[PDB]
Each structure stands twice: as C-alpha cells, then as structure tokens.
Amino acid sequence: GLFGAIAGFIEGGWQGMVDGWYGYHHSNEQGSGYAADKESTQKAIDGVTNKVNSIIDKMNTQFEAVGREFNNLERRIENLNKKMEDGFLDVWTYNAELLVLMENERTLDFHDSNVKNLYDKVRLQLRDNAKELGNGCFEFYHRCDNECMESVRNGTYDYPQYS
C-alpha cells in the first residue's frame, strides 16, 4: 500500500483480533489481550459505507435500452439504432468497472492510512517514555497497568506524569 503500514513495517494482520479492523495487542504483568480501536474502526465503516452508496447512486440515471423494430428497407436507421444502444451500454459498462477499480485501490490505501494514523496517534502521545521497535510495537520503559493501557487506547495518556 501507499502508506507502508499494511504489509509494510507491520509484517501481517492478526487472526486473534476478530474484534475490529484496527486495534491493539497489549502486554503487562496482569496479562495480554486484543482490543480494537473504536474511533478509527467506526470512522472506517462510515467512510466505506458512504463510498459504496455514492457509487450505486451515481449510476442511478444509467442508460436504458428500448426495443425498436425496423423493416427490410430501414437497415441504415436499424444499424444506427443498434450502434447507439450498444454505444451507451459500453460507455456505462466502462464507467461501472473503472469506478470499482479506482475506488478499490483507494479503499485499500484508506485502510493502510488508518493503521498508519493509529500508529502515529500512539507515538505522539508516548514520546520519550517508550521505545519504538519498528515492528509496529512500542516498548514501555515504565510500568503500564490495565488502566494505563486504557489511557493509551482512549487517548487520555498523561506524559508529564511518567517523564
């Protein structure tokens, strides 16, 4: 992807995180677990649903072919009719396929971007208080309990407290 997070520095996705699209895998003395990020996953569903519907709705006034009959001595207008109809059908087939292709790429890049943004949201919060592994992982210098993990996920983490 264009943002280098999905199939980038994060080597692969998690089978164990069947919770949401983007999330965390925390570890401390109390244990370890998977938790999805609510703001970013919800943002992703809304943007993607809006995309699907916009694509359907832009095609709403597509061309509709009508059966027309012509006699043995109206071959020129018969052929004109056939080419005009096939013409619009071809134009709208192209519009449909191309839109799907272009937006599919933007969708996958959109996901990649959200993971990247989520990585930065954590990094800019922790700063000097945690080591950056490059794996998609941050190693805490100090102890981060379950309530501390809540502060990272919620975005309520307090820097001057640990620095």
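Numbering starts at 1 and runs along the sequence shown. By rigid core we mean the largest C-alpha set that fits within 1.5 Å across both forms.
- Task: Output the stretch, either 92-100 or 127-135, that has more C-alpha displacement from this form in 6 other deposited structures of this protein following superposition by the rigid core.
- Result: Clearly, after the core fit, the stretch farther away in 6 other deposited structures of this protein is 127-135.
- Residue range whose averaged C-alpha B-factor is higher in the record, 154-162 or 1-9: That would be 154-162.
- Task: Look up the CA B-factors in the entry and say which stretch, 25-33 or 61-69, has the higher mean.
- Result: Per the PDB entry, the higher value belongs to 25-33.
- Message: Out of 120, 128, 112, 105, whose C-alpha atom has the biggest B factor in the entry?
- Response: Within the set 120, 128, 112, 105, 128 shows the top C-alpha B-factor.
- Check where residue 56 lands among this chain's C-alpha B-factors and tell me if it's the lowest, middle or highest third. Middle third of the chain for residue 56's C-alpha B-factor.
- Taking the entry's C-alpha B-factors for this chain, is residue 137 in the lowest, middle or highest third? Highest third of the chain for residue 137's C-alpha B-factor.
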